[PDB]
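Single chain ahead, by itself, as structure tokens, in the form deposited in one PDB entry.
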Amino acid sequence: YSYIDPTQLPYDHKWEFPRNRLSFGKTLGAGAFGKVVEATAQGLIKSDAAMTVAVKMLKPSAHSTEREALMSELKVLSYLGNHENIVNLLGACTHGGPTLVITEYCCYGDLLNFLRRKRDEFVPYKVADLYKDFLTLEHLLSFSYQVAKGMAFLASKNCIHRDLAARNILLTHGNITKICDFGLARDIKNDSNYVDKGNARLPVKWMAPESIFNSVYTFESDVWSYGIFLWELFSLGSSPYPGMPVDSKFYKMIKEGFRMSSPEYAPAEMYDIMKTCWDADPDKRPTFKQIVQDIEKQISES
């Protein structure tokens, strides 16, 4: 559970929304047991106008474990409340059928795919041509700032993410990021970034050593994952530890202090943050609040 028990968190019934007022559309993503579909919600706004949303729900393949996980997810999201760097919960459907979790629809998709389709036209300094929506260094700095602020908020609410990575960051217009957790709606079975370890399938390359070797998730283990996320960002969407399978050698090398080199586009001061995030001692890692103050100053001087 880490610090808080989600089952004990309350569900504010102000979120409850009539499920008959949702019309399901295309599936945006799906795992073994859950999925996220695009939908239109009628009467979500005071005007009769229907607005587009995203809905997370379980599949008929799901078991009692996944049913509780989705309800626990809803409790956590309601407990967190609205925050600008987090995907916006809009409503939920809890009675009259299965649990539905309704969030905003983010038009530009996940950050990892965004980085990969923008990689070839990346601009390190200035854009002449503005209409092309070229990815810039200024954008990457802002991305890392917004995600750090979002994680500082989660930390202040005693919430551990456990799967922070570019694939779990959504993008809206103006290059605003929203931290997400697609969880059961991601096909982790066939995603090479998740690795068999014991009876589970885990994002090992994003995980801190203490998490790998004794399944502990802390404030500080999320900070490790953030450092890996920065490497993704400033490599423009590359997979971490390239050409290096997850095996006994990988775990040994990480435990003995091997760390990635700086990605091709990382400012030296952003790489400095990565190295501290990857400190073997979790107490020497920075906090998300400290990371926010660090990046803020970098942007000032940019």
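In this text, rigid core is short for the largest set of C-alphas that superpose within 1.5 Å between two forms. We number the residues from 1 along the sequence you see.
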Discussion item. When the other structures of this protein are compared, and only where the residues around it are present, is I273 absent from a third or more of them?
Written reply: no
Worksheet item: Among the other entries of this protein that model both neighbours of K255, is it absent from at least a third?
Response: no
Worksheet item: Got a sec? Mean C-alpha B-factor, which is higher, 72-80 or 190-198?
Response: 190-198
Item to complete: Taking the mean of the C-alpha B-factors per stretch from the entry, tell me the winner out of 116-124 and 86-94.
Response: 116-124
Worksheet item: Reading the B-factor column of the entry, which of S261, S238, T65, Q42 has the highest value at its C-alpha atom?
Response: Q42
Worksheet item: Looking at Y145, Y105, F134, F229, which has the biggest Cα B factor in the entry?
Response: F134
Discussion item. Taking only the Cα B-factors deposited for this chain, tell me whether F288 sits in the lowest, middle or highest third.
Written reply: lowest
Worksheet item: By its CA B factor, does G174 count among the lowest, middle or highest third of the modelled residues in the chain?
Response: highest
Practice prompt. Using the B-factor values recorded in the entry, state whether the Cα atom of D110 falls in the lowest, middle or highest third among the modelled residues of its chain.
Written response: lowest
Worksheet item: Against its chain's modelled residues, does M253's Cα B factor rank lowest, middle or highest third?
Response: highest
Worksheet entry | Chain-relative CA temperature factor third for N158 | lowest
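There is also a form deposited in another entry; it is not shown, and the following applies to it.
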Item to complete: Go through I228, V101, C106, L184 and flag the only one whose CA is off by 2 Å or more between this form and the one not shown, rigid core held fixed.
Response: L184
Worksheet item: Fitting the rigid core first, would the Cα of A280 be found 2 Å or more away between this form and the one not shown?
Response: no
Fill in: Change in CA distance between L184 and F219 in the other entry, which is 3 Å or more, as closer or farther
closer
Worksheet item: How does the CA gap of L184 and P209 change in the other entry versus this form, closer or farther, if it moves 3 angstroms or more?
Response: closer
